[PDB]
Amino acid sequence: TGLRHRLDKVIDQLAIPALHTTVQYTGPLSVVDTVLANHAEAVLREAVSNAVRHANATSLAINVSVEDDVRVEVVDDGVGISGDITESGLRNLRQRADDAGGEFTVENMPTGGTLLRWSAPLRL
């Protein structure tokens, strides 16, 4: 079952007329493999469920795309004494992610070291 079909089943189950709902798919969704498609499904289910539950909401906009991003990933074998990033370091990369329409994660890895990932779409 294609990714789009799977995500639309989730939307069909959860969307309600009280939130005016728009869904836009762009890009080659058909090439997404089953494991990744499954993760996207789980995420959308959470995001749509929580939107519908969000007090006094009147609208819901869903955009799912496969598109070129820039990605910066940095892995080191150390861990920061005071957290995975300084306060103003988190602020900076988070603000840039927000500005770029992208996403940012930093973590102390389950079995040692630090991972940082930052991605944003090539276009807007």
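Residue numbers here begin at 1 and follow the sequence given.
For the segment pair 101 to 109 and 13 to 21, the entry gives 101 to 109 the higher mean B-factor, averaged over Cα atoms. Higher mean CA B-factor, judged across 77 to 85 and 39 to 47 from the recorded values: 77 to 85. Comparing the C-alpha B-factors of 55, 93, 60, 64 in the entry, the top value falls on 93.
When the CA B factors of the chain's modelled residues are split into thirds, the value for residue 120 lands in the middle one.
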